[PDB]
Every structure is written in structure tokens, then in C-alpha cells.
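A.B. asks: any chance you can model this:
(7 chains)
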Amino acid sequence: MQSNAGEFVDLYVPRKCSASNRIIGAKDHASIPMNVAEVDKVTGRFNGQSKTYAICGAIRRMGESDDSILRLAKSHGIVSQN
Amino acid sequence: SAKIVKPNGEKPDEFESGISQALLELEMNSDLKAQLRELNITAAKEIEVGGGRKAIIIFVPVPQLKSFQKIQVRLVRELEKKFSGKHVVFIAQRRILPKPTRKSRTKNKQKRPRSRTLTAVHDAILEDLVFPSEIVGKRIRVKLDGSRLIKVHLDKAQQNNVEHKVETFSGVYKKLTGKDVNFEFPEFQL
Amino acid sequence: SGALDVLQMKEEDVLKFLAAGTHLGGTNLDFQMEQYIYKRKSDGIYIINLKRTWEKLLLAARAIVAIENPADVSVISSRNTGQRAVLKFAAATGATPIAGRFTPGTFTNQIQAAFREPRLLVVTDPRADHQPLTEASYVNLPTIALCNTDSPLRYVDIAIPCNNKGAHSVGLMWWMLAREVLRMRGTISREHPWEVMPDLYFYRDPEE
Amino acid sequence: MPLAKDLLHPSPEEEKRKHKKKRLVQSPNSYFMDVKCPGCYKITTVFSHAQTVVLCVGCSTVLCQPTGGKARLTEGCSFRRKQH
Amino acid sequence: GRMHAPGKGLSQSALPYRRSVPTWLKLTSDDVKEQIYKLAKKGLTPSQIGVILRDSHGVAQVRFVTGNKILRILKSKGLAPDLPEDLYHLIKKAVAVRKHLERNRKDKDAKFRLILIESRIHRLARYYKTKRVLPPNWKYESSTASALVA
Amino acid sequence: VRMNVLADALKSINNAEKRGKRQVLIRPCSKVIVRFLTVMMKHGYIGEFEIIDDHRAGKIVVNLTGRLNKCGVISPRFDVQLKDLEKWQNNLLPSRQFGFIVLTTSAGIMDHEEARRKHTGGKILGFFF
RNA sequence: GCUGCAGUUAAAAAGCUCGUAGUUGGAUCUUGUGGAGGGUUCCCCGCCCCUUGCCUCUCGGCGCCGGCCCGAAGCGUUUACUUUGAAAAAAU
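C.D. replies: Residues are numbered from 1 along each chain as shown, chains lettered A, B, ... in the order given. The structure is reproduced below:
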């Protein structure tokens, strides 16, 4: 957040979950980052740079996260036509 | 005639006169005259597309529009070859009115019918361009720039009648209204 | 799948899926399990798609790879069928098994001597191991498990469908899970027969 | 609901098995039929939910029996729709 | 929902989007008119008329093969009735109730239901009579009910 | 009945956004709802929206994001005279800095920030933030 | 408690329905382009049919070379609403 100078304030800028577009607080212990491993996709062997996600507790606790994690990987890979 | 068959539209004009002459000639010819019955136009116009091609427009008096819809395909086929290298479509001309609720002055002349309104005419124009599909659905989408794109779901029969006219029909509507339209064939037919 | 046919399901594995009856799935359904099913028979039994099983296997396994420590991907199962299977899993691949009764408070205490902080979980059957799932949402653990048609989804991030009512469906699936993580991380890769088989991930089955 | 489902484009009959005024466009669930029965040799056209006795000009004088729904035919034959 | 019962319900007719002919059909506008005029002679009222066309003849409805409704066609002739059938059917019912009520004075249920159907006449009358479809002096009474239904 | 159409509309998109959705169905489509959502789209609280057409009155479908917190209606429709304005916007907005009271004027439907630059009062409809 | 209350159990929805006054009431009847003021389309003249809707004219000015053109005169079916003026004793 900006000021007169454009100087940035706020002690931490919180992170905003992928499929809910809302922000998770300092205490919120049902919110998970989930690391998918990429592969080279020529031999199907692990190669470094991961795809990382974040999900909030609200969609987790109702049981909607399973669709969100699927759709996120469906707009990328690995998922073709499921 | 061949020059005074375009009233309220200005009788002299080269291209429009050259249409009328050979048009009425076909109707007078004995080759087809058992479904052609000496109708006349009221104007005509030629308008392009971004496909790099021209297409001709035929206006009618509009009570006579109904009779054109009878033959409409045989006639258009013959004139597709006779005037070749351009696409051919019929359309109708209305005397659209400003509102008395105010876009031009009223004098308590008459009510203003709601078939003589603006919006009903722009709906009726679309009905003629793709008349052989007999429009199944209409949908619209609105853009973030405040533009609008008008989807039209057509019948899944009579496809190839309109499939080589599919883009060139869209360019017609642009010139008459000022709007952008797209034509689609749907997932499923009921 | 992703890569064109060097990750996609082979003709071989299809026989194993059908011989272990994984395709079959129970009578009762959930509204989160509707898409995974294709259809019903003429009888009460609903046939899980095997293509849809296969895609979920991969990113599940790829997440088990994505951690840089294989000693803190804590697997859990408490059903008798899922005891022998998990024991070989976490013996072969570096992982931590928690076999039998969970003994609650082991993801939230500072006094218990079985206290652990893992990152992932891999659970068999939500409705036998509901306890670790509830405690996972107090300390931010990603979660994976094996769902059936009638098993509800809640405090799980990804499912791996299976028949799993106590069958060869169980041990086969845990074997396949351990096979994939080695194709990406390990040197077992070649994708032509591995020495270890699914004939010892199957149930103890009281002998003569 | 999975709480993310599409509503723009529905399935052909897995989201058009719904009530007819709860669909995106309202459709009838009725149809016509071009009938030619073999006791009144004429090409008759009849609505599916007859609501009334349809008469015959031949030897017969009845073609339908109205019920609470679709009217059953006495001995009739030849079902068309056609198209709608 | 319902205006003198507590109920709620759907059974409404639903028309297609289309509205061509559609193609398959006959009896030009003019043919449909003479087909109608015969029916009104026989005492078939506008609701019945459209049914007897729709069930056994090639029409979908008589509003897409004509530019007018069924009633306006009859009205242009001058052969329309002097009160709508809707009003008539209300009054037609309530006379038999009053007969049964005179024959049996212990049917309080019938007496109750009469209050509803009675009040429903007066409400309907106050639509037409403000719109200059009835004389502004006409009223509903026992006497006027007897004569107007006959 | 359905006395006020716009008032029944906003509660759906309010309820839907809370549960976590991104497509809705709102009926029966008034022109008033269209120009409302147009202004609400420019600022960026919702995405592009599709108007289905029926002869009855139409139906509208919307694509939305979590940026919206709540849009409410204010009924019945009171007048504002550009000195009453400051009193309204204090009660109805979380902050001076952002939030947008909507209204209609003879110069068309718009936010309050625009109306102040045209010197036009008018009738207030709803709000959002 | 209009802004701003409450009525399952704490004080509290007429036993139930009909019904006039009162209050409240669905959808639907116009958009793009050069100049000017502000961006990179969009918000005082005009253009597609409309553009402050018309005429009819005649009396008293402005024109141009008897003849011709355009301001003022009736008004756009009626109101609410909103915006600008006028007119508002002092003291407080």
C-alpha cells in the first residue's frame, strides 16, 4: 500500500489463494501450499522447477479443494482430457 | 421499367440502374415467369467485407417482401450466376421513427406503433439475412470496453445453405446497424 | 497425459487393474464422486473410469517427489488390509509409517514422544482414519488419500479413486504408487519390469 | 453441487432432463404426429396430448382415448414428429 | 400462489422460442378464419375453439397463421358475446351452489365456498367495468345472476 | 409478486460469492440491472457477463471474482442534492478512500464520484464496495 | 429504535378466513463517425432516418446580387425529481 511518496507500508503483504481469491490471516492453520513437481516431459524424469499453489481453509473444510486442485492442473499440466 | 422502379431512393444511379434492367428482364423472360410476377425493388446498394469481396443488397417495398420469401433460393441461385463474383441477399426497408418521449418533436400525431419502433426493426432485419435457418437461439455477451457481440444459434439443418454466406452476412448487418454479430451452429438441436 | 506416451497408461497395467477389480465401486455415491464414475451397470455397482484414476495417480505421486526430504511423508493406515501394504511402501521408499491405532495428539503436542511434523499425508480410507485428517487442519499439512464412491471428501486436497473395501485393490494401488515416485526420482526408470511385484503388498490372509 | 459448475452450455439430456420452465430456453415436451390408420385411410395429423376424441371418417370413428397425459391410440400407427 | 386456497403449483404451458409456420402446414390465413366461424355457431367458445384446432388440425396455434388472436377475429365480425366466458363460468357455478344451499341449510361448507366465488366475481367485474368493457352501472345480485346466465 | 426486481437480484450474487462460485443465474433481467452491472464492471469487481435472450424477459449469467465483498440495495429511492451526499456516503461505505454509491440522474446511471463533476443530484439505487 | 430495536422459550403474532379504504406492484419503446474541450475509442454543430420538433407567415432589422436566406411569434401529451436564477427584517 502506497503513501505520498509511494512508500510501501504494511508489515507483511499477505498471500492470496488461487481458487477463492481471498487472503489468509496470521492465524489460519487449515491453509496449505501444495507443491507439484514438474518433469522434463521427454523421459518423464523430475526436473527442478516446481508448480506451487495455495488453498484456503474454507474451500478445504467444505470439500471443494479437490475440484480446485484438479482445475488448476487442468489449465496447465499434468492433465489432458480427464 | 428500369429507372422509376427505385422511388424514394433516387432514380438515377449507374450501378442501381444496371441491376434493375436485367432484373426485371429475367421476370419478363419466358424462361421463368411461373413464379416471377413483375415485382419491383425500391433501391439497391453494394457493400464490401473484410474478406476482400463485394456483396449486393436488394431492398423491397415491404408488403411485397412476403412474395420474395416464396422463391428466394432458385431466384437467388440464378442471380448468383447472372451477376457473378458477388454474394446476393434480400432485405427489407422500414421508415424508422424517433421517439415522442423525446428524440424529435411530437405534435400528438399518432401513438407510434411498437413495430415501427427502432429495436423491433433491428430484430426483424436479422430474421431475413439468415431466413432459411429460422433462428433457433439468440445470446449476447458484453465486453469490458462496453462493446457487445451478438451470438446467434442457428438450426443444425440447412447448414451448407448459409455456410459459404456465413461471414458475408455479418458484414451486411455492420453497415445497416453499427453493431458486431457472430454466427454459430450450436452443440445440439431441439 | 503430459508427455505424449512416456507417462501414459500402458496395455499391461490395464490387466492388473481389472484382475484386482479396481474398476468396480460401491452402490452409494457422493456429489464429489459423480465425475469420477462413468455409469452404473444393470445392477447396483458403479463403474469407476480407469483413465480418470490414472491422471490422479500422477500429480499425487509427483507431489510425493516434490519434497526434498524423504523421511517426512508420513503414511497412515489402520485397517488390517492396509497394514502390510503401507509397511512395504515406507520401507522401500523413504517415508514414515504409522500402522494401527493413531493415538491422537501426535501432530499437536510438545510432551508426547511420538510427536512429528511431516508435510504430506497419504491415508487409506477417510472413514477409518478420520482422526489424523482433523489434526492435519491444525498444522497446515497437505493431504492425499484413497477415496471410494461412498467415502466423502473433507480435509483432503486430492483423491486417488479405488474400490478399496478390502481386496487386492488395496495392495496393487500402493505398489503402483511406489513405482511412479521411483520413475521420476530413482534410477529404477526404464519403465520395463521392476523386480518387486504386487504379491506381497496384498493382505496377510490367515493361512492354513 | 460441486460449486464451480458451468451453466452457459448444458448437456444434451443430463441437464435437459429438468422441468421445462427451469431450462435456459423454454421448450414444450410435446410433439405432433402424422398418422395414417388402417380404418381411415387419410393422412391425419394429431397432437400427442389429444385432450379430446379425434374422429375418423372411415369405418372407424375413434382414433384416440384421452388420459391424464399422452393419449393412447385405439389401434393406430405411424408416428412422425416431424422435427418438433 | 392460489388466490383463495393456500396452495402453490406449476402446470403452465410453455411455448417454443421459434414461431415460423413451421413450414409443414396449410390453410392460408383466410382458410383458418372460415374454419373458426363455423365452430362459434355451434356454441364453441374461444377457449374450446383453439383446442379443437390444435388437437386434430395442422395448426400449432392461431396466432402464427394469423396476425390476430382467436377472439379479435370473432369480434371484428360482431359475433362476439356481450360478456367474457370467464365471468360467465363464475356466475354459472354459483347458481347451482345457491340451489343446493336452499335444498340443504346444514351444508356450511358450501356456504363458506360461496363467499369465495362470490367475492371473486366482484373483483373480476371491477377489472372490466373500469376498462369500459361493461356498463358503469352494472352490479351483481341474485336477480341479475339468474337472468344473465340464462 | 416480485415488487422490486433489482433488490432480489443482488442478494443472489452476494450469497453466491460467499460460498465460492464464479457463475450464477439471475432473472428476470431488467435493463436497470444491466447498466448497474456495467458501472460495477469498469471499476473491476466482476468480469464479462452474458445476456441470454428469451421473449419472456431474458436471463443473465455473470462471471465474477472474489474482489467483491458485498453489493446491497437501498430501497425506497431517496433524493440527494449534493449536500445530503456526504451524510449518505459516510454511513454506507467502509471508508472515504474506496467504495462507490451508485445513483441515477438525468445524465444517466453512474457512480457518485462522476455525478459530483457534472453537478447532478438524483435518486439513489444501491451501493457496493 | 426514520437513521436504528424486538415478538419459539425472557414482556409479545388477532382461533381462522374473506374484504373496502390505506400502502405496495413484472418485463418491453435508439447506436456509431470529422471540428471543438479531456484520454487513446469515450463525455458544443452537425451527419445515415433524427438532432434543440415545425411552420407561416407578417409586421418593425441583418445580410448578398426585383429576387433570395436566417434570429424573434405559437410549442413539442402532462407531473414528480434534479440543476440555475429571482425574491427573501434586524439582532442571534
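A.B. asks: show me the helices in chain F, by range?
C.D. replies: F:5-19, F:31-42, F:85-92, F:112-115 (DSSP state H).
A.B. asks: contact partners for residue 15?
C.D. replies: In the absence of a named chain, chain A is used. For residue A:15, the contact set (C-beta atoms under 8 Å, 6 or more residues apart in numbering or on different chains) comprises A:23-24, A:54. No exception for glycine: its C-beta is placed from N, CA and C like everyone else's.
A.B. asks: look at chain B instead
C.D. replies: B:44, B:46.
A.B. asks: and for the one 5 residues further on?
C.D. replies: With contacts defined as C-beta under 8 Å, 6+ apart, residue B:20 is in contact with B:1-3, B:5-6, B:40-41, B:44.
A.B. asks: what's the burial count for the residue in chain D that chain C sits nearest to?
C.D. replies: Nearest residue of chain D to chain C: residue D:2, at 6.7 Å (C-beta to the nearest C-beta). Applying other C-beta atoms under 10 Å in any protein chain shown, we find 13 residues neighbouring residue D:2.
A.B. asks: now the spatially closest residue to it that is not a sequence neighbour: phi and psi?
C.D. replies: Distances taken as C-beta to C-beta, 6 or more residues apart in numbering or on different chains put residue A:67 closest to residue D:2, at 5.4 Å, once the chain neighbours are dropped. Backbone dihedrals for residue A:67, given as degrees, to the nearest 10, come out at phi -80, psi -40.
A.B. asks: so which of the helices of chain F gets nearest chain C?
C.D. replies: Taking C-beta to the nearest C-beta, helix F:5-19 is the member of those nearest to chain C, at 14.3 Å.
A.B. asks: does RNA strand G have contacts with that closest one?
C.D. replies: Yes - Helix F:5-19 lies within reach of RNA strand G by C-beta under 7 Å from any atom of the strand, at residue F:5.
A.B. asks: what is the orientation angle of that helix with helix F:31-42?
C.D. replies: Orientation of helix F:5-19 against helix F:31-42 (axes from the mean of the first three to the mean of the last three C-alpha atoms, to 10 degrees) gives an angle of 40 degrees.
A.B. asks: return helix F:5-19 as CSV; C-alpha atoms alone will do.
C.D. replies: Listed next in CSV are the C-alpha coordinates belonging to helix F:5-19 (Å, rounded to 0.1, in the frame of the first residue of the first chain):
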residue,chain,number,x,y,z
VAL,F,5,-36.5,-6.8,-9.3
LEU,F,6,-33.1,-5.2,-8.6
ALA,F,7,-33.5,-5.9,-4.9
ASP,F,8,-33.9,-9.6,-5.3
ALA,F,9,-31.1,-9.8,-7.9
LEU,F,10,-28.1,-8.5,-5.8
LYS,F,11,-28.7,-11.0,-2.9
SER,F,12,-28.1,-14.0,-5.2
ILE,F,13,-24.7,-12.7,-6.4
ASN,F,14,-23.9,-11.7,-2.7
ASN,F,15,-24.8,-15.2,-1.5
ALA,F,16,-23.1,-16.9,-4.3
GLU,F,17,-19.7,-15.1,-3.9
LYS,F,18,-19.6,-16.1,-0.2
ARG,F,19,-19.8,-19.9,-0.8
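A.B. asks: from the chain's centroid, how far away is it?
C.D. replies: Here helix F:5-19 is found 11 Å from its chain centre; the criterion is C-alpha atoms, centre = their mean, to the nearest Å.
A.B. asks: for it, which helices and strands make contact with it?
C.D. replies: Under the contact definition 3 or more C-beta pairs under 8 Å, 6 or more residues apart in numbering or on different chains; DSSP states H and E, helix F:5-19 sits against helix F:31-42, strand F:59-64, strand F:71-73, strand F:122-128.
A.B. asks: can you pull the buried residues of the shortest one?
C.D. replies: What that stands for is strand F:71-73. F:71, F:73 (16 or more other C-beta atoms under 10 Å in any protein chain shown).
A.B. asks: what's the answer for the last one, then?
C.D. replies: Of the residues in strand F:122-128, those with enough neighbours to count as buried (16+ other C-beta under 10 Å) are F:122, F:124-128.
A.B. asks: walk me through the domains of chain E.
C.D. replies: E:26-80, E:81-150 (curated CATH domains).
A.B. asks: is RNA strand G within reach of the helix or strand where residue E:111 lies?
C.D. replies: Counting by DSSP states H and E, the secondary-structure element that holds residue E:111 is helix E:108-128. Yes - using C-beta under 7 Å from any atom of the strand, helix E:108-128 reaches RNA strand G at E:115-116, E:119-120, E:122-123.
A.B. asks: of the buried residues of strand F:122-128, closest to residue C:85?
C.D. replies: Using C-beta to C-beta, residue F:128 is the member of those that sits closest to residue C:85, with 54.3 Å.
A.B. asks: distance check, the residue lying closest to the closest one once chain neighbours are set aside against residue F:62.
C.D. replies: Closest residue to residue F:128 apart from its sequence neighbours, by C-beta to C-beta, 6+ apart: residue F:71 at 3.7 Å. Distance, residue F:71 to residue F:62, using C-beta to C-beta, to the nearest Å: 11 Å.
A.B. asks: got any residues that touch both of the two?
C.D. replies: With C-beta under 8 Å, 6+ apart as the test, residue F:71 and residue F:62 both reach residue F:13.
A.B. asks: picking that back up, which among the contacts of residue A:15 end up buried?
C.D. replies: residue A:24.
A.B. asks: would a markdown table of the contacts of residue A:15 with secondary structure be doable?
C.D. replies: Below are the contacts of residue A:15 laid out as a markdown table (DSSP: H, G, I helix; E, B strand; the rest coil):
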| residue | secondary structure |
| --- | --- |
| A:23 | strand |
| A:24 | coil |
| A:54 | coil |
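A.B. asks: same list, the contacts of residue A:15, but as CSV with distance to residue C:70 please.
C.D. replies: Formatted as CSV, these follow (distance: C-beta to C-beta, whole Å):
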residue, distance to residue C:70
A:23, 33
A:24, 28
A:54, 23
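A.B. asks: in contact with the nearest residue to residue C:99 once chain neighbours are set aside, which residues?
C.D. replies: Nearest residue to residue C:99, sequence neighbours excluded (C-beta to C-beta, 6+ apart): residue C:83, at 5.4 Å. Applying C-beta under 8 Å, 6+ apart, we find residue C:83 in contact with C:77, C:99-100, C:204.
A.B. asks: the one helix or strand residue C:83 maps to: what's the following helix or strand?
C.D. replies: If you go by DSSP H and E, residue C:83 is part of helix C:81-92. Downstream of helix C:81-92, the first helix or strand assigned by DSSP H and E is strand C:96-99.
A.B. asks: helices or strands next to that next one in the packing?
C.D. replies: strand C:73-77, helix C:81-92.
A.B. asks: got the contact list for residue A:69?
C.D. replies: Listed by C-beta under 8 Å, 6+ apart, the contact set of residue A:69 reads A:34, A:53, A:55, C:157-158.
A.B. asks: can we see that at 7 Å?
C.D. replies: Each residue near residue A:69 by C-beta atoms under 7 Å, 6 or more residues apart in numbering or on different chains is listed here: A:34, A:53, C:157-158.
A.B. asks: not counting its neighbours along the chain, what's nearest residue C:145?
C.D. replies: Spatial nearest neighbour of residue C:145, chain neighbours left out: residue C:123 (3.9 Å); criterion: C-beta to C-beta, 6+ apart.
A.B. asks: need the residues of chain A near chain F, please.
C.D. replies: For chain A, the contact set with chain F under C-beta under 7 Å from any C-beta of the partner chain comprises A:20-22, A:59, A:64.
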